[PDB]
Amino acid sequence: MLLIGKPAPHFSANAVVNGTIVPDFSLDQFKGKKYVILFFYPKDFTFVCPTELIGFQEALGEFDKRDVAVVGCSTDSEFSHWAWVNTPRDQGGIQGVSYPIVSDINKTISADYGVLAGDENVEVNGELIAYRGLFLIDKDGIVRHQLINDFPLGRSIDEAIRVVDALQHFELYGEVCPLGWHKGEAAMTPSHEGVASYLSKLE
Amino acid sequence: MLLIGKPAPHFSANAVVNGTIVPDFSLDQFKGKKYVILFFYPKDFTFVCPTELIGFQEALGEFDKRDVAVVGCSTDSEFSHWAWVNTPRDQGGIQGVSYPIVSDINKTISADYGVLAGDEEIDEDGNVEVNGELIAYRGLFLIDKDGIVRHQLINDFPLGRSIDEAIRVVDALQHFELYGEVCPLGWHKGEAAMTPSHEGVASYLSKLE
Amino acid sequence: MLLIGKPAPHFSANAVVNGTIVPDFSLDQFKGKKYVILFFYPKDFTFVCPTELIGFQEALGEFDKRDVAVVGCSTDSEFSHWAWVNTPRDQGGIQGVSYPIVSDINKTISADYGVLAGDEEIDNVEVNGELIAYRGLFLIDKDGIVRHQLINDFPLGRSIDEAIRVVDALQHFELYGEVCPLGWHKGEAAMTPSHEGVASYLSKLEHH
Amino acid sequence: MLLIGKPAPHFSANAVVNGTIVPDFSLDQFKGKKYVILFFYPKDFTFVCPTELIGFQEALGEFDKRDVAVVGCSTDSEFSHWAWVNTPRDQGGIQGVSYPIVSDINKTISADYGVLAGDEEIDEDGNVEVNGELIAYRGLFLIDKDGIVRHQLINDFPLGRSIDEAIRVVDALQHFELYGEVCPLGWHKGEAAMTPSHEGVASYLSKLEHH
Amino acid sequence: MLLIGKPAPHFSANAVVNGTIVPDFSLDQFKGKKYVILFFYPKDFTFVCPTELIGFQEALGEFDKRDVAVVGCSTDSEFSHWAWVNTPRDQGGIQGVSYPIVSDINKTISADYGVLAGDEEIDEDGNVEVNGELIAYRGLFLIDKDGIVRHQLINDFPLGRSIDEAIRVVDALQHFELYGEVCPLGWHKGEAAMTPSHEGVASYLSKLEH
Amino acid sequence: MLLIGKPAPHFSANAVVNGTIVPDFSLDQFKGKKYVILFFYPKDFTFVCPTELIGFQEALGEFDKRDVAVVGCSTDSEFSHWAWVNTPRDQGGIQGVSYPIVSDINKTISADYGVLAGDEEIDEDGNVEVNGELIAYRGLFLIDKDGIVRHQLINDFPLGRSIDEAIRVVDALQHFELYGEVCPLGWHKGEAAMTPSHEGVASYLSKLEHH
Amino acid sequence: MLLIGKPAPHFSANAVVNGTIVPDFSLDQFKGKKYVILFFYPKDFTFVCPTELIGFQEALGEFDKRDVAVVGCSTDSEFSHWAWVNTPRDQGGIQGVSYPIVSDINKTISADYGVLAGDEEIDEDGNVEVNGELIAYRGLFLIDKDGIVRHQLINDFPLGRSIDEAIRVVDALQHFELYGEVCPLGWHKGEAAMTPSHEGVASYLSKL
Amino acid sequence: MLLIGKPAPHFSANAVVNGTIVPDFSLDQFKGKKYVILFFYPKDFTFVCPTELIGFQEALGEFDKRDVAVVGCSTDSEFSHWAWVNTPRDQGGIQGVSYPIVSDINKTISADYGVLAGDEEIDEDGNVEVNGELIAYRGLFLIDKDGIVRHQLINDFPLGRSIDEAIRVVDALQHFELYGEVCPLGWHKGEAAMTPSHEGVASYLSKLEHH
Amino acid sequence: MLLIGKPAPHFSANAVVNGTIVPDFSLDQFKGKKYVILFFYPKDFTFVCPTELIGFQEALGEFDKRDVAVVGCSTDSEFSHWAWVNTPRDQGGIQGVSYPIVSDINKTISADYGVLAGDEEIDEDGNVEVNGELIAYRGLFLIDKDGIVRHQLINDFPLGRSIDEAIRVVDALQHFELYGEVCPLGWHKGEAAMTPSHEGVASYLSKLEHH
Ligand SMILES: [Ca+2]
Ligand SMILES: [Ca+2]
Ligand SMILES: [Ca+2]
Ligand SMILES: [Ca+2]
Ligand SMILES: [Ca+2]
Ligand SMILES: [Ca+2]
Ligand SMILES: [Ca+2]
């Protein structure tokens with residue numbers, strides 16, 4: 001489903017924050033204060049998912065500098081999350097992951113964000129688990145960027161950081177970010193003069 | 001909607017291929033033969049859109065080497081596309097863009113791929129009213145040789161995309177197809193992949209330590 | 001659609017006025033002030049459409065003297081319009097067209113005015129043909145009421161003369177209460193809408 | 001209704017042809033043989049309508065030479081039509097009009113062609129009330145030999161139509177059918193048409209800047 | 001539909017009154033003042049209809065003396081009516097007909113009175129297809145001064161009506177209104193009516209035996 | 001209901017024929033053989049109804065000569081009908097009435113012919129409420145040999161009908177059937193009818209004006 | 001339908017009371033004052049029906065002494081009833097029947113009491129066809145002073161009813177109302193009733 | 001429900017026959033062979049019900065002589081019935097009742113025969129609530145050998161029924177079946193019946209008048 | 001019916017309490033005062049049901065000590081219940097059963113508690129037919145002092161229940177209510193419970209691994 005330009009759907013669920021189970025976790029707390037990178041993964045105790053979670057843990061300071069809160073989510077229970085953060089990495093665990101890991105135990109968050117796999121007396125084709133979904137949410141709670149990958153295709157922290165940098169650049173300077181833009185490169189004024197001037201300089 | 005794991009919706013529209021208007025363009029031709037990178041942009045003759053189109057033209061060799069066809073799409077007419085490829089780049093044009101640029105003139109492609117902006121309503125006697133513009137967001141899809149969507153990405157209007165990220169996802173999909181190894185976070189071609197098993201993930205994570 | 005005797009459907013869209021993109025263009029501004037000749041064409045950068053747009057530009061004074069605003073419209077974007085008015089005529093452009101060219105980007109204007117081509121069928125929703133505007137033209141009086149409409153197939157260009165003639169007939173009926181007979185032109189004899197009026201008008205045809 | 005590019009709706013009704021009442025008149029007979037100019041008017045024995053009908057009768061040869069059948073229609077009965085063609089013109093009649101005048105006595109033809117005036121409403125108990133008069137506006141349709149509508153025009157009650165514009169649209173349609181050239185704004189038979197191509201439109205528009 | 005004992009449906013249409021087109025004609029004007037004989041015929045410029053209209057014109061005084069307004073109606077336009085009253089009788093016209101002739105141009109009046117011929121059906125493309133002609137049968141209604149229908153009659157197209165029967169029904173209605181006696185079969189003004197009671201019917205039928 | 005041009009609704013009920021109760025009486029028996037004058041009255045043992053029934057008995061020969069079967073009907077039972085034909089006329093009875101008197105005991109015939117009085121409603125508790133009496137008004141129908149209704153008439157309760165008008169309408173129907181001439185206003189057997197054509201009506205009206 | 005324990009449906013119709021046609025006859029008048037024996041019969045001028053009506057007339061005193069109003073009803077008109085009470089008994093008439101005979105001219109009373117014979121079938125358009133005759137079967141109802149039905153009985157057309165059974169049920173109802181004793185099988189006025197309790201039924205059955 | 005003239009609804013339930021619980025009891029077995037008197041009572045182990053059941057046992061021979069099978073029914077289980085027939089009469093039991101006593105444990109029989117008390121209603125909460133007790137009133141049905149209901153009677157809870165009235169109605173039905181004579185008011189076996197004709201009723205009432 | 005965590009459905013019915021028929025029995029009276037063990041059985045005068053009812057009578061003191069009211073229920077009438085408590089046990093009776101035995105005579109309680117056996121289906125005649133018997137399975141519910149169902153059990157007809165398991169679940173619920181410790185598998189009063197926490201479950205299981 002299309003959430004670009006729309007408010008990130010509200011939820012309130014159990015989560016693991018700093019390795020501790022906490023109730024009533026919501027993205028409300030970040031409105032007006034932090035951007036949010038919210039990412040969904042399919043299953044605790046699997047393969048690409050721990051590497052993605054651990055990598056987000058390693059880059060957590062880079063998101064902190066940018067006023068970005070990192071939030072993970074799967075449809076597993078908060079107790080599976082807790083068991084997993086208490087499993088050492090050399091045993092496949094995600095020990096040391098300290099940002100919030102939301103438990104979408106009813107699958108309503110994954111459904112509302114349009115990342116729930118499977119197809120639906122009531123019978124279900126496939127597994128109702130989340131694909132590798134990622135959303136960039138601005139300080140107003142609006143979705144500005146989304147990405148969904150199939151199960152075997154891990155995501156990239158560099159691209160998430162790049163889109164964060166681009167959004168903040170557009171918010172600061174009103175300049176739109178052209179293809180392949182990175183922090184420090186030339187942006188563009190959104191006008192006829194702007195596009196003619198930017199494209200002439202490239203050639 | 002959610003197209004991951006599902007066939008990319010079929011279409012058949014006018015397009016500009018190698019600067020020429022052609023009819024009945026479809027992604028059918030690529031089934032069993034090429035991967036497809038399909039990207040939607042909002043409007044001809046604008047700002048971020050020409051930079052994305054030109055950059056895809058410049059990187060076309062990287063996609064050719066990987067058996068990937070690049071296809072652009074907007075809801076503008078095929079003639080607006082043709083005028084745009086016949087406009088020099090220093091005037092905001094996209095001259096030299098040679099891959100197909102599809103005209104989603106009926107907006108059905110953008111709807112089917114879930115990238116169409118705007119909201120529609122039915123009033124008391126107001127028929128269909130639309131809030132906002134029915135144009136495509138900066139949407140991108142990776143379609144494998146069977147026509148299945150394996151990756152999708154949508155950016156708001158002012159956020160241009162990245163060719164490197166598209167190439168990386170192509171490499172990850174092709175690596176998983178060849179070796180059955182899943183690609184971990186931040187993976188690039190030539191780096192260590194992973195065996196999808198308990199021992200595989202445990203051993204992979206031990207090497208990082 | 002049947003719009004004669006009914007208000008022209010309201011709209012508010014981006015347009016190019018005097019070669020510049022402007023937002024929130026509507027026919028509201030003309031209610032009580034000007035008549036409107038509103039014409040739809042299918043596609044920017046095509047064939048008959050530039051000749052019609054340029055010709056409406058050349059005859060623009062004939063409409064000004066009659067308190068008629070000329071407004072064109074297609075389902076192309078306002079940026080396509082802007083690119084087209086910046087293309088020289090010898091290359092197929094419509095450079096110098098200065099009256100408002102509305103962008104019906106959502107196709108709701110053409111739908112509401114009954115000029116949108118194509119057929120919509122549900123299976124998703126599939127469309128047979130192209131959802132673009134036919135060569136449609138509407139005369140709207142100062143109260144916002146449609147008094148004349150005409151739609152031509154894609155290859156059949158319209159005529160400025162017939163538009164001016166219908167405008168003259170409407171204004172003559174508004175002024176004198178006389179109905180305009182077949183082939184009436186400004187300055188020719190009209191008719192009083194009564195038994196005596198039609199008998200007298202037709203008798204003179206058999207006297208001269 | 002939007003009929004451009006679509007078949008002209010079928011009908012079969014009483015008419016006055018050559019001053020005589022005949023049944024089962026339809027435009028089927030013209031498919032593959034003649035173009036049709038079909039025009040609706042609101043009321044027999046009124047004001048603009050006799051001038052339009054008489055003018056079409058006098059210009060009938062111009063349509064005959066172009067393989068065009070002229071057919072008129074209103075929702076009055078065939079007997080009103082018959083009485084009207086037996087009324088001398090100097091008293092408001094349409095004597096001498098010999099082409100078919102269709103009686104749309106049930107108003108289904110006018111409704112199908114999208115020219116029927118009035119507004120239809122249902123009551124709090126289910127009765128059918130009508131605001132205004134269910135009569136035809138000044139509607140005109142050009143139907144090609146395949147029965148497809150290529151041009152349509154509707155005028156308010158006091159605004160008579162123009163035979164010149166009807167002939168011009170016929171000539172433009174026939175020129176496009178014969179030569180595949182599209183007819184630009186204000187085109188008349190014998191003037192330069194246009195090739196529907198990038199080069200064609202560029203060539204046409206460049207020549208206008210000099211001529 | 002059955003209108004006996006129910007109000008005559010309201011309408012407001014163009015009509016030709018005394019040979020002149022007038023708008024907003026209604027039977028409301030007659031409420032509390034006059035009875036109404038309202039008759040529908042199918043088509044202007046035809047065959048039985050001019051004879052019925054002319055005959056009503058010739059008998060107009062018999063209805064005036066009885067405080068009865070005569071109103072004709074068809075689904076033709078008011079201009080067809082006007083042309084018809086300006087056509088001489090020796091050419092099939094109805095010249096000299098001066099009472100109101102209503103134009104039921106939308107066919108709603110004929111529908112409301114249940115005299116409209118033809119059959120309407122909606123096809124699966126939305127449009128309405130019609131078998132036959134939506135024109136009025138030869139319908140006649142007697143409406144009292146309260147606007148209530150007391151007598152109705154419908155004839156097929158080739159069967160002209162009878163002025164005598166209309167006058168007889170008017171006289172019977174007025175006699176019952178005045179004296180409260182019910183009118184037996186074949187009753188005419190001046191003949192013996194009947195008291196609506198056991199004794200009344202026994203007495204009336206006894207006298208008929210001689 | 002509008003029955004002109006439509007088949008008279010079928011029924012099959014008990015009746016009194018020649019003073020005898022008989023079952024399964026229907027107008028089917030007359031199809032192809034006789035016209036039918038079918039008349040409804042409200043109640044046995046009342047006031048106008050016996051005068052109408054007796055008068056139809058007195059004129060029975062006039063209808064026999066014209067191949068017309070006379071049939072009466074009310075929503076009373078066949079036993080009330082039978083008792084009534086066994087009550088002498090000087091006591092309010094209809095002794096001597098010999099044509100069929102149908103018992104519309106279920107009120108379905110009166111409903112089908114559009115002559116049933118009264119108003120039905122559904123009450124609070126889904127009950128069925130009736131305003132007035134579900135009895136037949138003074139309804140009369142002329143049915144031709146094909147079973148099609150050609151003339152219908154309904155009178156309020158206190159207004160007795162007229163045998164002369166029924167016979168006149170019968171003569172008009174039979175004249176149109178025999179000669180194809182339409183019968184003008186006030187036409188009676190032996191007078192001039194009319195050819196349904198322009199010339200026919202013009203000729204008929206000319207003869208009246210100097211007559 | 002089951003009316004036992006529920007109010008007898010209200011009605012208001014023409015009737016013949018003491019040989020005279022009267023309007024607006026209803027059982028409301030008896031509420032709080034009299035019991036009602038209400039009986040339906042199929043057709044005036046038939047066979048069992050006159051014997052039942054005459055017998056109810058002859059037994060009228062037994063109902064009067066028990067504060068019971070007798071009311072007959074059929075779907076025939078009030079004038080048919082009046083003609084029938086003016087017919088001598090030796091010719092099949094019901095001369096001398098003086099209690100109210102209701103005219104259920106609309107058949108709504110017979111429907112509301114569930115005694116109307118026949119079957120109604122309805123189609124899409126609503127055309128109502130009927131199998132059989134919509135006339136009342138030989139129905140009888142005992143209504144208490146509150147308007148509550150306490151006993152009902154319906155017989156097929158050829159099976160006449162019994163005055164003794166109606167009077168017996170009246171006696172049983174009045175006995176239960178007065179003494180709170182339930183009436184066993186075959187109970188008659190003056191015979192032993194029963195206390196509605198374990199001991200009451202055990203003691204009653206022991207004596208047999 | 002109105003069952004007169006209609007087939008007695010079919011059922012198949014457990015019953016106590018001659019003091020023994022048996023399955024699949026139905027009235028089908030009696031079709032074409034015996035009349036049926038089927039009676040419903042509300043509750044086992046109560047007050048009027050044992051007297052009715054015991055009295056029907058005592059009169060069983062009178063019904064046998066008339067080819068009548070007696071069947072009782074309540075919505076109690078077959079085991080309550082069995083316990084009750086094993087309870088001595090001097091303790092309120094129905095020991096010695098040997099004809100079939102049906103267990104309408106699903107209440108469907110009492111519903112089908114229109115003798116079930118109580119009212120069922122559905123809420124907005126979707127639940128089913130019941131006003132009163134869903135038990136059978138004192139209902140009685142006479143079923144002929146073809147399975148058609150010819151007589152029915154329902155009494156309020158405190159009003160016991162009458163064996164005499166059942167016998168009398170049985171005799172009347174059998175008399176009408178044999179002789180085609182209808183039974184007048186108060187008729188008993190051996191008394192004068194009536195021929196269903198005008199003459200029959202006229203003659204019968206005359207003998208009552210003078211004598 | 002999943003009632004765990006939801007209020008026990010309300011009812012108000014006739015019952016036998018201490019061998020006496022009483023009206024308007026409800027579990028309302030126990031809210032805030034007593035726990036409720038509510039058990040359904042299929043039929044009076046059968047086989048497993050008397051053993052269960054008598055066994056609950058014998059264990060009544062064990063429930064009294066725990067502030068638990070024992071209530072039985074079947075769809076039999078209150079009079080069948082009364083007869084059954086007046087039958088000696090050596091004849092299959094339940095003499096001496098003094099706690100409330102509810103009569104679910106309308107079957108609404110069994111339906112609301114999800115223990116009603118049988119299958120209902122509506123005929124084409126809108127009629128309701130039932131496959132099987134609408135009787136209660138061997139259902140048991142533990143209801144807390146707030147009226148909330150905390151434990152439920154349903155057995156097929158031939159499988160009698162266990163007093164020990166009912167007492168055990170009562171003890172487990174009361175232990176959790178008093179001390180907030182959850183009761184592990186097979187817990188009995190006096191044995192070690194568990195703190196619902198990570199450390200609590202780890203510590204509980206550590207002690208088991210030794211013993
Ligand atoms: Ca879900
Ligand atoms: Ca669309
Ligand atoms: Ca649209
Ligand atoms: Ca219509
Ligand atoms: Ca009916
Ligand atoms: Ca039930
Ligand atoms: Ca139930």
Side-chain angles (χ1 to χ4, degrees), chain E residues 1-5 45-48 50-56 89-93 114-117 132 137 148-165 168-169 172-173 176 181-187 194-198 200-202 204-206 208-209, chain F residues 1-5 45-48 50-56 89-93 114-117 132 137-138 149-165 168-169 172-173 176 181-187 194-198 200-202 204-206 208-209:
Chain E
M1 33 104 51
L2 184 59
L3 291 175
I4 298 297
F45 302 100
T46 49
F47 320 128
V48 178
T51 80
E52 300 188 294
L53 284 143
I54 290 166
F56 265 109
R89 303 184 179 182
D90 54 67
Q91 297 186 268
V115 301
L116 192 59
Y137 276 113
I148 303 297
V149 178
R150 301 294 174 186
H151 159 85
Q152 63 172 96
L153 163 157
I154 312 177
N155 282 3
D156 197 1
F157 291 137
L159 311 183
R161 285 158 284 194
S162 154
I163 297 281
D164 296 333
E165 184 57 28
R168 189 192 73 86
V169 178
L173 170 63
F176 171 75
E181 292 178 337
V182 297
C183 298
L185 179 82
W187 179 93
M194 176 187 322
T195 298
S197 68
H198 308 302
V201 59
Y204 177 87
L205 289 183
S206 290
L208 284 193
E209 87 190 11
Chain F
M1 162 72 177
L2 179 57
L3 294 176
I4 299 297
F45 302 102
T46 47
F47 321 129
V48 179
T51 80
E52 301 186 293
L53 283 144
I54 291 165
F56 267 111
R89 303 183 181 180
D90 52 68
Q91 298 182 219
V115 301
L116 192 59
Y137 275 115
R138 298 191 195 283
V149 177
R150 299 295 175 189
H151 157 85
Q152 64 172 97
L153 165 158
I154 312 176
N155 281 3
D156 195 0
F157 292 131
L159 310 182
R161 286 158 284 192
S162 153
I163 293 205
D164 295 333
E165 184 58 29
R168 191 193 76 87
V169 179
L173 171 64
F176 172 76
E181 296 174 339
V182 297
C183 297
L185 180 81
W187 179 92
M194 177 187 322
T195 297
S197 68
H198 309 305
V201 60
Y204 178 91
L205 288 184
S206 289
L208 281 191
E209 282 311 316

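Naming convention: chains lettered A, B, ... in sequence-line order (proteins, then strands); numbering from 1 in each chain. When reading the values below, keep in mind they use all heavy atoms of this one structure, side chains included, and skip hydrogens, waters and symmetry mates.
Your options are F:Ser162, F:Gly5, F:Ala117, and the one with the most heavy-atom pairs under 4.5 Å with chain E is F:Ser162. For the set F:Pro158, F:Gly200, F:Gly186, F:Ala202, the entry with the most heavy-atom pairs within less than 4.5 Å of chain E is F:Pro158. If you tally non-hydrogen atom pairs under 4.5 Å between each of E:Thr195, E:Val182, E:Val115, E:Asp164 and chain F, the highest count goes to E:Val182. Counting heavy-atom pairs under 4.5 Å between each of E:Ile54, E:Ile154, E:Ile148, E:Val169 and chain F puts E:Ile154 at the top. Among the candidates E:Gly114, E:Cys183, E:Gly92, the residue making the largest number of heavy-atom pairs closer than 4.5 Å to chain F is E:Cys183. Interface check for chain E: of the options F:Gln152, F:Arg89, F:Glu209, F:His198, the most heavy-atom pairs under 4.5 Å are formed by F:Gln152.
Looking at F:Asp156 and E:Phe176, their side chains never come closer than 4.5 Å, going by heavy atoms from C-beta outward. Proximity of E:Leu173 to F:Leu159: side-chain heavy atoms (C-beta onward) are separated by under 4.5 Å at one or more points. Using a 4.5 Å heavy-atom cutoff, the side chains of E:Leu205 and F:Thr51 are in contact. Within the 4.5 Å cutoff, no side-chain heavy atoms of F:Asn155 are placed close to those of E:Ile4.
For E:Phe56, the ring pair (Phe, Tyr, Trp, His ring centres under 6.0 Å) partners are E:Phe39, E:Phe63, not counting sequence neighbours. Annotation: side chain to side chain contact (heavy atoms under 4.5 Å, CB included) contacts of E:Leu208 (sequence neighbours excluded): E:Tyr204.
Heavy atoms closer than 4.5 Å to chain F are found in the backbone of E:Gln91, but not in its side chain. Contact of E:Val149 with chain F is not made at all, since no heavy-atom distance falls under 4.5 Å. Using a 4.5 Å cut-off between heavy atoms, E:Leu116 touches chain F through its backbone atoms (N, CA, C, O) alone. At a 4.5 Å heavy-atom cutoff, the contact between F:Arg168 and chain E is made by side-chain atoms alone.
Across all their heavy atoms, F:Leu185 and E:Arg161 have their closest contact at CD1-O, 3.1 Å. Shortest non-hydrogen contact noted between F:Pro50 and E:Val201 is CG-CG2, 3.7 Å. The two residues F:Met194 and E:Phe47 have their closest heavy-atom pair at SD-O, 3.5 Å.
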